[PDB]
Structures are given as C-alpha cells and as structure tokens.
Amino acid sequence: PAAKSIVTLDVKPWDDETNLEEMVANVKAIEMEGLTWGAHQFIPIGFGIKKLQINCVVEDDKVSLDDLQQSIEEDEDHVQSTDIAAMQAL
C-alpha cells in the first residue's frame, strides 16, 4: 500500500451570491490519479457568507496539494482562494 494523507480544504467564494452547489461540483469534477474526494459541507463564516469545506484523500507521491489548490482556484467565477483547513496521515 502507498502512503496517503487525508486533507480538508477551505474553498472561499466571492460573495453571498456565489452559487455554492456550482463551486463544489467544479471542484469534484477535478480528476487526479491518487486523489479521492470525500464528504463536504457549506459552513457559515459570517455575514451570510458560506465557505466550502471538503475532504479528500491523496497519495503523497502522486498528488500535489499545491497544484490542486491552483487547479481549484482556476474557477475565477466562483472561487476566491483556497486554504488547508487541516491534514493528517493515514
């Protein structure tokens, strides 16, 4: 078995109008060998603004978290930025 790490990302929108269902769909549409999307929720952060909090499991020697964050962020119309909420080993 290969070494893995479970990661939770924080995907922020542009405002309180950004289609949240569209954001996660585009995120989940991202396919990478060694990447597995998991649970996800919309968490309020203040002023009616909700962020995307999704989990995923990745294979260290295959998936790059940096490149992944860059890929997600290409969704200019929905994504403002990304951050690592937390991460652990497996």
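Residue numbers run from 1 along the displayed sequence.
Taking only CA atoms, the mean B-factor in the PDB entry is higher for 29 to 37 than for the other of 51 to 59 and 29 to 37.
Annotation for 1 to 9 versus 80 to 88: the higher mean temperature factor (C-alpha) is found in 1 to 9.
Ranked against the other modelled residues of its chain, the C-alpha B-factor of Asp66 as given in the entry falls in the highest third. Per-chain ranking of the deposited C-alpha B factor places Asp15 in the highest third.
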